[PDB]
Structures are given as structure tokens and as C-alpha cells.
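Structural overview
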Amino acid sequence: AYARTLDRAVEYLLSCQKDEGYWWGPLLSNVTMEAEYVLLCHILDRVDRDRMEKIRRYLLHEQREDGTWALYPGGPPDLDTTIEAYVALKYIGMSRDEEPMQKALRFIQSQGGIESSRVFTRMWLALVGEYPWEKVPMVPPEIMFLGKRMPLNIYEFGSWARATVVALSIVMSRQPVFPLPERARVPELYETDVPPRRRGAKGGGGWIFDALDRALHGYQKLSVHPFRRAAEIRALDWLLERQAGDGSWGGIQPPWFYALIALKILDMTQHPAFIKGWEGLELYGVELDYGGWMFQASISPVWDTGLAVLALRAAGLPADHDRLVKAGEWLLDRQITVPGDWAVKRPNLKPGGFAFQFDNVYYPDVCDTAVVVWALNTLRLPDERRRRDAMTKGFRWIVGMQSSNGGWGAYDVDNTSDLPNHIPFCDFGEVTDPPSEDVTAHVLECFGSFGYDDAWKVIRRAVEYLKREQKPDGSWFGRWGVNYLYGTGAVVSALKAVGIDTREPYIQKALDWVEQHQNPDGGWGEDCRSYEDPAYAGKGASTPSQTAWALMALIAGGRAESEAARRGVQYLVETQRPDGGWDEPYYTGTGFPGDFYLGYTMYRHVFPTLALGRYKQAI
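Residues numbered from 1 in each chain as written, not as in the entry; some residues may be left out. Heavy atoms only, no water.

Under the PDB entry, the name given to the protein is SQUALENE--HOPENE CYCLASE, and the source organism is Alicyclobacillus acidocaldarius. In the Subunit part of its UniProt record, the protein is described as follows: "Homodimer." The heading Subcellular location in the UniProt record of the protein holds the text "Cell membrane". (UniProt positions renumbered as here; feature names shortened; annotations may be inferred.)

Description of the sheet that holds strand β1 (residues 27–28)
In spatial order, the strands read β1-β5-β4; together these 3 strands make up an open sheet with antiparallel pairing. Of all the strands in the sheet, the pair left with one neighbour each is β1 and β4 (589–592). Both β1 and strand β5 (residues 596–600) contribute to a ladder of 2 bridges, which runs antiparallel. Across the sheet, the residue bridging to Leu 28 is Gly 599, located in β5. (Pairing = 2+ DSSP bridges. Helix = DSSP H or I, 4+ residues; strand = E, 2+ residues; numbered from the N terminus.)

Considering the packing of aromatic side chains
This model, assessed by the stated rule, comprises 41 aromatic pairs. Taking the ring centre of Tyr 155 as reference, the NZ or CZ of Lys 148 above it sits at 5.7 Å. Positioned above the aromatic ring of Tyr 536, the side-chain terminus of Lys 539 is 4.9 Å from the ring centre. (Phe/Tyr/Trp six-rings, centres within 6.5 Å; stacked < 30°, edge-to-face > 60°. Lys NZ or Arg CZ within 6 Å of the ring centre and 35° of its normal.)

Description of the UniProt feature "repeat: PFTB" in the protein
The positions that UniProt labels "repeat: PFTB" are, in the present scheme, residues 6–47, 52–93, 232–273, 391–432, 459–499, 507–548 and 565–613. Across residues 6–47, helical content stands at 55% and strand content at 5%; the span's end C-alpha atoms are separated by 47 Å. Its end C-alpha atoms 29 Å apart, residues 391–432 is made of 24% helix and 0% strand.

Some details on the nonpolar core
If you look at the biggest cluster of nonpolar residues, it comprises 212 residues, and the most contacted ones within it are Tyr 37, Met 123, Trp 124, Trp 408 and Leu 495. The residues that make up this core include at least three from each of domain 1 (1–26 + 299–619) and domain 2 (27–298). Dropping the residues within four chain positions of it, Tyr 37 is found in contact with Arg 51, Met 52, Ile 55, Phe 257, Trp 278, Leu 281, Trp 293 and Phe 295. (Core = buried A, V, L, I, M, F, W, Y, C linked by side-chain atoms within 4.5 Å. Buried < 20%, exposed > 50% of the residue type's maximum accessible area, 1.4 Å probe, protein only. Domains from an automatic or database assignment. Contact = heavy atoms within 4.5 Å.)

Observations concerning helix α4 (residues 79–92)
Along an α-helix, residues three or four positions apart point the same way, because every turn accommodates 3.6 residues. With 14 residues, α4 extends 20 Å between its outermost C-alpha atoms, agreeing within 8% with the 20 Å of an ideal straight helix rising 1.5 Å per residue. By the criterion of burial, α4 is predominantly enclosed, with 14 of the 14 residues buried. If you check the start of α4, you find a side-chain oxygen 3.0 Å away from the backbone N of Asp 80, and it comes from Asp 78. Directly beyond the C-terminal end of α4, a positive phi value near 160° is found at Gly 93. (Expected span 1.5 Å × (residues − 1). Polar contact = N/O pair within 3.5 Å; in protein donor to acceptor, adjacent residues only side chain to side chain.)

Overview of the pattern of salt bridges
Per the counting criterion, the structure on display carries 34 salt bridges. Its salt-bridge partner being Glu 53, residue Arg 56 comes within 3.0 Å of it at the nearest N-O pair. Of this pair, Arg 56 and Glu 53 both sit in helix α3 (residues 49–62), 3 residues apart, which is roughly one turn of that helix. The exposure class of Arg 56 is partly exposed, given its relative accessible area of 23%. (Salt bridge = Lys/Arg side-chain N within 4 Å of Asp/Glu carboxyl O.)

Side note on the environment of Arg 385
Looking at the element boundaries, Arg 385 is found in helix α15 (residues 384–400). Classification of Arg 385 by relative accessible area gives exposed; the value is 59%. Between the alpha carbons of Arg 385 and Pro 254 there is a distance of 39 Å; along the sequence they are 131 residues apart.

Focus on the packing of helix α2 (residues 32–43) against helix α10 (residues 253–265)
Contact pair α2 / α10: the axes reach a minimum separation of 11 Å and the direction vectors enclose 10°. It follows that α2 is roughly parallel to α10 by the angle criterion. Packed against α2, whose contacting residues are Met 33, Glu 36, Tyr 37, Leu 40 and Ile 43, the element α10 presents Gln 253, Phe 257, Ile 261 and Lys 264 at the interface. (Axes fitted to C-alpha atoms, helices over the stretch in contact; angles between N-to-C directions. Parallel < 35°, antiparallel > 145°, perpendicular 65-115°, else oblique.)

As for the pairing of β5
Side-chain positions along a regular strand alternate between the two faces of the sheet. By the criterion of burial, β5 is predominantly enclosed, with 5 of the 5 residues buried. Neither face of β5 is left uncovered, since the one carrying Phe 596, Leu 598 and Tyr 600 and the one carrying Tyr 597 and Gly 599 both have all their residues buried. One ladder, built from 3 bridges, connects β4 with β5; its direction is antiparallel. In the sheet register, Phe 592 faces β5, and the bridge partner there is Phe 596. Taking the residues that link successive antiparallel strands as the turn, the β4-β5 hairpin has 3 residues, and the phi of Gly 594 there is positive, at about 80°.

Details of the state of the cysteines
According to the stated counting rule, one finds 0 disulfides in the structure shown. Left unpaired, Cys 446 is separated from the closest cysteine sulfur, that of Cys 367, by 11 Å. (Disulfide = S-S within 2.5 Å.)

Things to note about the environment of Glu 241
Counting through the fold element by element, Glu 241 comes out in helix α9 (residues 228–242). Polar side-chain contacts of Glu 241 include one of 2.9 Å to the side chain of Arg 242.

Quick look at the domain arrangement of the protein
Size of an interface, as often reported, equals the accessible area lost when the parts are brought together. Once the domains are mapped, the protein shows domain 1 (1–26 + 299–619) and domain 2 (27–298). When each unit is reduced to the centre of its C-alpha atoms, the spacing between domain 1 and domain 2 is 31 Å. Of the residues lining the interface, 50 residues belong to domain 1; the matching set on domain 2 comes to 53 residues. It is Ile 299, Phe 425 and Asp 427 in domain 1 that bury the most area against domain 2; as a group they hold 16% of the surface buried on that side. (Buried area = accessible area lost by both parts, 1.4 Å probe.)

A look at the packing of helix α13 (residues 322–333) against α15
Remark: α13 packs on α15, axes separated minimally by 11 Å, with the N-to-C direction vectors making an angle of 55°. Considering their axes alone, α13 and α15 lie oblique with respect to each other. Between α13 and α15 the crossing geometry is left-handed. Every residue of α15 that contacts α13 at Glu 329, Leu 332 and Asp 333 is listed here: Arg 386, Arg 387 and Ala 390. (Left-handed = near helix turned anticlockwise from the far one by under 90°.)

Brief notes about unusual backbone geometry
The phi angle at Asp 45 is positive, at roughly 55°, despite the residue not being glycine. Topologically, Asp 45 is positioned in the loop between α2 and α3. The phi torsion at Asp 414 lies on the positive side, around 45°, for a residue other than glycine. When you line up the elements, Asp 414 lands in the loop between α15 and α16 (437–449).

Put into C-alpha cells, the structure is as follows:
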């Protein structure tokens with residue numbers, strides 16, 4: 001039945017592979033990447049008229065009938081995204097009179113206008129001189145002086161946040177303004193009678209910081225600031241030391257953009273780091289067939305490749321398949337051997353991790369590392385000298401990365417400090433990098449493939465961690481992939497792989513939960529609204545990925561023979577395309593719970609391929 005389906009899926013995956021041996025599907029986010037890119041261009045005085053057009057077409061193609069833009073396809077209108085999209089469009093050329101402009105603007109005003117937007121949005125506008133700097137929460141360059149164990153020192157923030165902060169402290173220190181041409185000004189964002197609904201810090205605002213902030217803005221107006229220029233340099237240096245091979249910073253857009261702006265403010269426009277940084281942007285840009293152009297929030301080549309291999313190996317391809325060998329060789333050259341920021345909490349730990357993107361040595365992550373090592377373990381490469389070596393290094397690095405509670409975070413160890421979540425500036429997404437169920441599950445499944453079990457202390461501690469984190473209804477929260485189906489799928493398949501008895505009460509309780517959310521069509525679906533509204537838990541339109549996830553949960557838990565199992569397989573067999581792939585008009589990736597969502601192009605093909613390969617084995 002599914003046999004031919006698997007074959008078609010397999011041959012399709014191989015057609016997607018690049019000549020070098022890796023896989024790389026684009027990463028989908030939301031309109032702000034290009035809206036900010038447009039602003040960035042203006043600031044840097046490098047506007048390409050042609051590029052602006054491809055961006056106009058994109059922003060429009062993304063707008064909905066109501067004239068708004070969302071975070072995820074089918075999601076509620078987002079104020080922030082819509083304001084930035086609007087500002088970009090007005091700058092590009094469109095007048096306030098036009099149909100798209102009107103609808104957008106009316107929604108904006110109905111929300112309290114400019115004053116209801118996140119810090120970033122107001123800051124971007126402040127940069128361009130449309131909003132007053134004194135109303136934007138300050139981040140001083142002096143933050144650079146706080147040592148390692150001191151509260152609020154930069155190493156208490158998550159990887160992503162850290163660089164953004166540093167880069168921004170320089171920008172905030174100078175409060176520069178790049179006036180927009182009179183034609184593109186947006187005073188209309190203030191024109192609203194509706195009371196502004198202000199969003200506070202992610203963990204509730206303390207009056208202390210509120211006071212501290214006001215002090216900072218006051219201090220900002222003094223004629224002299226002792227040790228300021230020295231703090232700026234610390235920030236600049238911190239930046240120059242960590243620039244990525246591709247010219248970015250962390251392989252993500254925020255710090256990369258701010259870094260570039262900071263360098264411009266410092267007259268370093270003709271310095272190598274700037275040059276490289278600017279031209280590196282082109283690699284993250286994508287040309288769309290309808291004449292548009294988008295910008296990727298980040299890139300997933302290592303992730304894609306690693307998962308692809310696992311999918312194909314499970315599908316049935318032999319360990320020495322010449323195609324999977326190219327993949328294997330490519331992966332080996334990707335291993336990081338130098339220390340990174342992580343080394344600040346683990347100085348005696350030997351480097352051996354892997355990053356998400358192509359060239360990002362200072363920020364390897366547990367998720368990627370775990371998958372890669374595991375995927376390597378399943379292969380049969382020519383020089384297993386380097387294969388044995390790489391695995392051991394990756395393995396040991398992961399072990400040494402375990403946190404206090406028994407689980408794992410993405411980039412750092414015990415990045416649990418609660419302090420940062422209360423700052424006035426931090427009103428968008430996660431600011432810290434604490435351990436999570438999914439990263440931990442992936443680590444567990446990695447060790448699992450290596451024969452290790454519940455007997456090993458490392459694993460036990462992790463399992464203890466998972467049992468305590470399990471939701472009342474028996475589900476597991478999805479930190480990096482769209483929710484409970486993601487987490488629960490990852491956890492259960494992990495637990496099985498490490499030797500635990502699938503017969504257990506809590507596991508069965510989860511297994512049952514999966515069956516009770518199966519949609520009529522036979523597949524599973526979970527909308528991004530499940531982070532805001534707990535009613536949407538396990539609810540949403542069926543998707544290839546989310547279906548494949550719940551499938552793996554059941555297959556691992558023994559319920560492979562079950563009805564819900566065969567029913568799901570039908571869904572996949574039927575919904576498959578003639579080329580072998582699947583479609584997925586929905587995002588099943590999570591950036592920041594409730595604030596940022598991602599569309600992992602490859603998930604729709606990779607996961608079902610992996611799930612079916614696993615189903616076939618249960619025979």
C-alpha cells in the first residue's frame with residue numbers, strides 16, 4: 001500500500017539534494033524581515049530600486065483581504081508586522097490613498113496606533129525619526145562592564161538576545177536619526193482616538209527597572225558620561241570578535257542588522273567587517289517565482305541535511321548509499337572545533353558541536369549537534385576514523401552541555417536567570433535559553449541510537465526531568481516545533497529509544513491523548529493559536545508534518561497496529577503529491593512561543609518520509 005508512496009517520497013528527497021551533498025529548504029517567517037531590510041537599506045544609504053520592487057510585490061502578495069499581515073498563515077492580524085509592512089510600503093512608493101494602504105491603516109488606528117506596538121517597532125521608527133527616542137526603553141553600553149556572576153551581565157541572556165543587546169547598546173548610546181523623505185512620513189500612525197494598549201515585559205514589569213530606565217534617559221541628557229566611550233568599544237570589540245564566516249552575527253537577522261547599523265554610526269563603513277557583513281546578506285535573500293524577494297530570518301542547511309539523512313535511512317536506503325555518503329562527508333567538515341560563548345560556563349569542555357547555518361562557529365546548538373551525531377551513527381563512510389572521532393566529540397560535547405535540572409537548552413547551560421524577563425525592553429519573545437522538553441528529547445534519542453539506556457545517570461536525570469514537565473492531560477509542550485503534537489511526538493519516541501517501558505501509565509496516558517486529537521480526515525493538525533489559547537491544544541487543520549509526528553508517537557509506543565495509526569498512514573498516502581512531496585500551507589515551526597513562527601519548507605517532505613519508514617519497520 002504505502003510502499004509506492006515511500007518510493008515516491010524517497011526519490012523526491014534525492015531530487016531536492018544539492019550537488020555538494022546537503023539539503024536546504026528556505027525558512028519562512030513573516031513580513032518584518034523585509035520591512036526592516038527596507039529600512040536598513042535607507043539607513044545604510046544603499047537602496048536598489050529593483051530590489052525594492054520585488055519587495056513591494058512580496059509584501060502585497062502576503063497581505064490578506066482585511067489589509068493586514070499575520071505572524072503565521074491563517075493567523076489573526078498582527079499590529080507590529082502590519083505597521084512595519086505599512087511603513088516599508090509607504091517608503092517604497094505607495095501613497096496613503098491606495099486600497100492596500102487604507103485597509104491596513106484603518107486596522108492600525110483601530111488598535112491605538114503606533115503606541116500599541118512592541119519596542120522593536122517603535123525603535124525602528126525612532127531610528128528613522130518618526131517616533132521620539134526618549135519613549136524607547138534604554139539599554140546602555142555600560143552593561144558591558146557587568147562581570148560573569150553579576151546580575152544582568154550579558155551572559156544571562158539567550159544567545160540570540162545577547163548579540164542584539166550588545167549591538168543595540170551602541171545604537172542606543174548615540175540615538176541617531178535618519179530622516180525619511182517628506183513623502184514617506186507616517187504621522188497618521190498617531191492619529192487615533194482609541195486608547196493605546198501597551199504591552200509590558202514578558203514576565204511582568206517591576207517598578208524598579210521602570211525607575212532605572214527613567215534614570216538612564218535622564219543620564220542620557222547629561223553633557224558628560226564617564227567611561228561611556230570605553231563601554232562602547234567593549235561592545236564593538238565583542239562584536240568584531242564574534243562575526244560569523246558569512247558576515248552575519250549568529251546567523252539570524254536581528255543582531256546582524258543592528259550590528260551593521262552600529263558600524264555605520266561608528267563611521268566604520270569601509271572596514272572589512274562591515275563590507276563582509278553587508279554583502280553576506282545576499283545569501284539569506286530568496287528570489288520568488290512571482291517576481292518577489294524575501295529574506296530568511298535564518299538558514300537551516302545543517303538541520304535539513306541531518307533530518308533528511310535520518311528520513312532516508314529509516315525509509316530503507318543502505319548506510320553506504322553513495323548519495324548519503326556525500327551528505328555524511330559534508331556534515332563532517334561542518335563540525336566546530338573552536339570554543340564559543342558556551343565555553344564561558346564550560347571552560348574545560350572540548351568543542352565538538354554543530355550549528356544550524358553554514359558558517360557559525362561561536363553558536364553551535366544542542367538540537368543540531370544531537371541530530372547530526374545520530375545521523376552520522378547510522379551511516380557507513382569511507383574514513384570511519386573521522387566518523388568515530390566526530391561522533392565521540394559531538395557526544396561528549398552534548399553530555400557536558402546538560403543543565404542542572406537534567407534537561408537541555410538550545411545554546412547555553414543553565415541560562416535560567418529570571419532577571420532579564422522583567423526589563424522594559426524585553427516585550428518580545430524569549431530572552432533566556434532555559435532547558436526544554438524537545439531539545440532534551442532529541443538528545444535522548446541520539447544517545448538512544450548509541451545503545452545507552454536508563455541505567456546511565458545522565459539519561460535517568462533527563463527522564464526525571466521529562467516526567468515532571470508532562471502536562472496534566474498527559475501531553476508535552478513544543479518549544480521549537482508547533483506544540484503538543486511536536487513535543488509529545490519527540491518525547492515518546494525518545495523514551496522508547498532509551499529503553500523505557502512503553503507500558504507505563506504516564507506514557508499510555510500520552511499515547512491515548514494523541515488518538516483523541518486525530519482529525520476526521522485521518523491526519524493530525526495543530527494551529528499556532530495553541531500557544532495563546534489552551535483550547536487549541538492538538539487542534540487545527542491536518543498537516544503532513546504534524547501527522548507524521550503523532551504517527552511516530554504511536555509507532556514507538558507500540559500502537560502501530562492500532563486503527564488511528566493505519567488511518568493516519570492513509571492520510572499521508574492519499575495527500576501525497578504526484579512528484580512525491582506534500583504541501584503544507586501552515587507553519588509547524590516555533591521561533592518564540594506566541595511571538596514568532598516559522599515555516600520549515602522541508603518538514604512536509606522529510607518527516608512523512610521518516611514516519612513511513614518507521615511504520616514499515618513495525619513488520
